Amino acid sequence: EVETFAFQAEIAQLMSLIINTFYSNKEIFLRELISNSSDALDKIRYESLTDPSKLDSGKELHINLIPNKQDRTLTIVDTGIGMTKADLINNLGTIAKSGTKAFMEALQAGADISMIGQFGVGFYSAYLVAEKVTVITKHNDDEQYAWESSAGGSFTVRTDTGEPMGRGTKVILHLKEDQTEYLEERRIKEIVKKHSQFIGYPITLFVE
């Protein structure tokens, strides 16, 4: 069963701005997603100190970057805390409302899109390079879910019967036709070195 939801109007507006604004420095999307993965890993690590059983779903804390030219996808995988159904449907978007308002005010005052992460809404920068984003996620004590959106004001959530992932999040970027440079090994390596060189978890760049 696939459920369809409307984004909050403010989030739809943010996504439209990201898609419509002329802005060449698109590569910053990767730093934003890696940053989110790092935060998710920090969270499960912290929680595990008081409840060690939270790592029964996997002790390894890391990030994988997986390009696939045949599917035209770049996947950012982490073994962090994951997300609940409520996270996906309501709670992350609700929190994102304040950051969105502040971000759009800052842009009018002279800020640029690269600063999106300073407002806590960096996830949506995925739409700089992706025509569709699929998020597969598994949180302890909740089921595995697939969230998906091609923007246009709506997203879907379903229980995922695909390959079980243990715990964490996979952000699958279905790249725009003119953004296939982000499938190239040399390009991803360059971006990770430029913007994500001090992340406190292993980042493995898979090759094709």
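Numbering starts at 1 and follows the sequence shown.
When 122 to 130 is weighed against 91 to 99, 91 to 99 comes out higher, by mean CA B-factor as recorded in the entry. Stretch comparison (149 to 157 versus 45 to 53) by mean CA B-factor in the PDB entry places 45 to 53 on top. Listed residues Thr137, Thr75, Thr79, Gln108 were ranked by CA B-factor as deposited; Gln108 comes out on top. When the modelled residues of the chain are ordered by C-alpha B-factor, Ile203 sits in the middle third. Sort the modelled residues of the chain by CA B factor and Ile172 lands in the lowest third. Ranked by Cα temperature factor within the chain, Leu33 sits in the lowest third according to the deposited record. In this PDB entry, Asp142 carries a Cα temperature factor that places it within the highest third of its chain's modelled residues. In the deposited entry, the Cα temperature factor of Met165 sits in the top third of values across the chain's modelled residues.
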